[PDB]
Amino acid sequence: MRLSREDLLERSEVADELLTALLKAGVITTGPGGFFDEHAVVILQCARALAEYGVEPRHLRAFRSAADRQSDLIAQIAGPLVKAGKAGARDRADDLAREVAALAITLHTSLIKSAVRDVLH
Amino acid sequence: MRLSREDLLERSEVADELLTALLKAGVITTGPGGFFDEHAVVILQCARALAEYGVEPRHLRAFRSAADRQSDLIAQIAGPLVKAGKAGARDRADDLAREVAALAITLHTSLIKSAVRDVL
Ligand SMILES: CCC[C@@H](CC(C)(O)O)[C@@H](CO)C[C@H](O)CCCCC(=O)O
Ligand code: NA
């Protein structure tokens with residue numbers, strides 16, 4: 001989805017001032033057309049909950065820098081697979097790259113959960 | 001959630017060689033108690049599927065590197081909340097620290113999904 005700023009605030013139930021803080025810290029960004037996506041809703045809701053635990057938007061800036069680097073590693077794997085999707089009537093040619101990107105994200109997420117478990121216990 | 005190496009191989013359904021390679025490369029590890037967790041099963045499952053698409057275990061090292069650094073940032077945010085847990089009559093409670101850690105991971109995952117969709 002393509003959400004305006006106001007659409008994002010309504011869906012997230014977060015204050016405009018928190019969104020402004022997250023934008024100015026580079027944590028959240030608009031997509032290339034200047035809209036927000038569905039992930040922005042979740043990011044803003046998590047950021048609000050985290051602010052309530054004393055974590056200010058500027059302290060999430062590292063998460064974003066790391067996410068961008070990981071996204072590039074994932075694109076290296078999935079990008080060349082865009083052309084390899086089945087293109088029959090019933091197919092959509094992007095599905096294979098999406099599947100591969102999703103596997104990589106799941107892998108990565110699980111690695112972080114694992115590493116966190118270990119450092120907190 | 002405390003899995004032996006055999007439990008991990010049977011649950012993940014991957015070849016012994018793949019696990020061996022992932023261990024050697026540092027991508028998968030046991031916890032401090034010496035065993036594997038439920039996350040290891042998912043990691044192995046995903047790694048096998050990714051291998052089928054071209055991704056060698058060696059190539060997953062960059063993922064592991066990054067995940068460890070992210071866990072260190074998460075520990076810095078969540079670690080101080082261990083002592084703030086709602087222990088009740090107990091001496092300890094890590095539930096707040098776990099919640100903060102879970103939020104942070106969700107946020108980070110969502111940041112990745114957003115960036116991937118943009119790049120692709
Ligand atoms: C939200 C759940 C995951 C997310 C995974 C992805 C594409 O970001 O890696 C996907 C679900 O597969 C969101 C979109 O529904 C997929 C549209 C195709 C875009 C793509 O190929 O990257
Ligand atoms: Na956009």
# chains A, B, ... in the order shown; residues from 1 in each chain; ligands from 1
>>> interface_residues(of="chain A", to="chain B", cutoff="7 Å", atoms="only C-alpha atoms", output="compact mmCIF listing (two decimals) with N, CA and C atoms, in the first residue's frame")
# COMPACT_ATOMS: atom_id res chain seq x y z
N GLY A 31 9.05 5.84 0.72
CA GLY A 31 9.52 5.06 -0.42
C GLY A 31 9.85 5.99 -1.57
N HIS A 39 4.86 -1.49 6.15
CA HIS A 39 5.90 -1.71 7.13
C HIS A 39 6.09 -0.47 8.00
N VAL A 42 4.02 -0.65 11.22
CA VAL A 42 4.64 -1.47 12.24
C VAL A 42 5.88 -0.78 12.86
N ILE A 43 6.70 -0.17 12.01
CA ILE A 43 7.92 0.50 12.48
C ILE A 43 7.52 1.63 13.48
N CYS A 46 6.15 0.12 16.80
CA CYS A 46 7.25 -0.41 17.59
C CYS A 46 8.11 0.71 18.20
N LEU A 50 8.82 1.40 22.06
CA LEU A 50 10.19 1.49 22.51
C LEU A 50 10.50 2.85 23.21
N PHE A 63 19.72 0.71 13.84
CA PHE A 63 18.88 -0.38 13.33
C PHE A 63 18.59 -0.16 11.86
N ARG A 64 18.39 1.08 11.49
CA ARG A 64 18.10 1.40 10.12
C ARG A 64 19.33 1.23 9.22
N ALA A 67 19.72 -2.40 8.76
CA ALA A 67 18.69 -2.91 7.87
C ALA A 67 18.99 -2.63 6.41
N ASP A 68 19.53 -1.45 6.11
CA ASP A 68 19.87 -1.09 4.74
C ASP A 68 20.99 -1.98 4.23
N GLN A 70 21.70 -4.99 5.33
CA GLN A 70 21.14 -6.34 5.13
C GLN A 70 20.28 -6.44 3.90
N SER A 71 19.48 -5.42 3.63
CA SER A 71 18.66 -5.39 2.44
C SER A 71 19.51 -5.51 1.17
N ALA A 75 19.28 -8.33 -1.66
CA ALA A 75 19.09 -7.96 -3.06
C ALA A 75 20.14 -8.59 -3.94
N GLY A 79 17.93 -10.41 -6.48
CA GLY A 79 17.83 -9.59 -7.68
C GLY A 79 18.00 -10.38 -8.98
N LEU A 103 12.84 -15.86 2.54
CA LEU A 103 13.67 -16.87 3.24
C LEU A 103 14.85 -16.23 3.92
N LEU A 107 15.64 -16.14 7.87
CA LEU A 107 16.94 -16.61 8.36
C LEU A 107 17.56 -15.57 9.28
N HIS A 108 17.61 -14.34 8.78
CA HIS A 108 18.27 -13.29 9.49
C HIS A 108 17.60 -13.00 10.82
N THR A 109 16.27 -12.95 10.78
CA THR A 109 15.45 -12.68 11.97
C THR A 109 15.75 -13.73 13.05
N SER A 110 15.79 -14.99 12.61
CA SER A 110 16.10 -16.13 13.50
C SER A 110 17.51 -16.08 14.08
N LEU A 111 18.47 -15.65 13.27
CA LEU A 111 19.83 -15.43 13.76
C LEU A 111 19.87 -14.38 14.87
N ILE A 112 19.09 -13.30 14.68
CA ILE A 112 19.09 -12.24 15.70
C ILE A 112 18.40 -12.75 16.98
N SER A 114 18.13 -15.77 18.02
CA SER A 114 19.12 -16.68 18.63
C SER A 114 20.25 -15.98 19.41
N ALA A 115 20.83 -14.95 18.79
CA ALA A 115 21.95 -14.24 19.37
C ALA A 115 21.47 -13.45 20.59
N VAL A 116 20.25 -12.92 20.53
CA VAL A 116 19.70 -12.17 21.67
C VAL A 116 19.46 -13.09 22.86
N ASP A 118 21.01 -15.70 23.62
CA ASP A 118 22.32 -16.04 24.17
C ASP A 118 22.94 -14.94 25.00
N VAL A 119 22.81 -13.66 24.58
CA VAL A 119 23.41 -12.56 25.32
C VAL A 119 22.60 -12.21 26.56
N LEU A 120 21.28 -12.37 26.50
CA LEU A 120 20.43 -12.15 27.70
C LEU A 120 20.36 -13.38 28.63
>>> closest_atom_pairs(of="chain A", to="ligand 1", cutoff="10 Å", atoms="only C-alpha atoms and all ligand atoms", output="tab-separated table")
residue	atom	partner	partner_atom_place_in_ligand_line	distance
A:1	CA	ligand 1	15 (O)	9.4
A:38	CA	ligand 1	1 (C)	7.9
A:39	CA	ligand 1	1 (C)	7.5
A:71	CA	ligand 1	9 (O)	9.2
A:74	CA	ligand 1	9 (O)	8.8
A:75	CA	ligand 1	22 (O)	9.3
A:78	CA	ligand 1	22 (O)	8.9
A:79	CA	ligand 1	21 (O)	9.4
A:82	CA	ligand 1	21 (O)	8.1
A:92	CA	ligand 1	18 (C)	9.8
A:93	CA	ligand 1	21 (O)	9.2
A:94	CA	ligand 1	21 (O)	5.4
A:95	CA	ligand 1	21 (O)	6.0
A:96	CA	ligand 1	21 (O)	7.8
A:97	CA	ligand 1	21 (O)	5.7
A:98	CA	ligand 1	21 (O)	3.9
A:99	CA	ligand 1	12 (O)	6.7
A:100	CA	ligand 1	9 (O)	7.5
A:101	CA	ligand 1	9 (O)	4.4
A:102	CA	ligand 1	9 (O)	4.3
A:103	CA	ligand 1	9 (O)	8.0
A:104	CA	ligand 1	9 (O)	8.2
A:105	CA	ligand 1	9 (O)	6.9
A:106	CA	ligand 1	9 (O)	9.3
>>> closest_residue(among="B:14, B:35, B:25, B:95", to="residue 51 (chain B)", atoms="only C-alpha atoms")
B:14
>>> residues_near_ligand(ligand="ligand 2", cutoff="9 Å", atoms="only C-alpha atoms and all ligand atoms", output="tab-separated table (two decimals) with C-alpha atoms, in the first residue's frame")
chain	number	residue	atom	x	y	z
A	1	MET	CA	0.00	0.00	0.00
A	2	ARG	CA	0.91	3.69	-0.50
A	3	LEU	CA	0.09	5.72	2.58
A	30	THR	CA	9.24	7.34	2.55
A	31	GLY	CA	9.52	5.06	-0.42
A	32	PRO	CA	10.70	6.38	-3.78
A	33	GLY	CA	7.34	8.13	-4.60
A	34	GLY	CA	7.16	9.83	-1.20
A	35	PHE	CA	4.57	7.42	0.26
A	36	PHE	CA	4.80	5.27	3.28
A	37	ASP	CA	4.22	1.54	3.19
B	118	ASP	CA	12.26	-0.57	-2.26
>>> atom_distance(atom1="CA of residue 55 (chain A)", atom2="CA of residue 21 (chain A)")
12.1 Å
>>> atom_distance(atom1="CA of residue 45 (chain A)", atom2="CA of residue 24 (chain A)")
16.9 Å
>>> select_by_dssp(residues="region 30-98 of chain A", states="helix (DSSP H, G or I)", output="PyMOL selection string")
chain A and resi 38-52+57-84+95-98
>>> atom_distance(atom1="CA of residue 61 (chain B)", atom2="CA of residue 17 (chain B)")
16.7 Å
>>> closest_residue(among="A:44, A:89, A:49, A:9", to="residue 27 (chain A)", atoms="only C-alpha atoms")
A:44
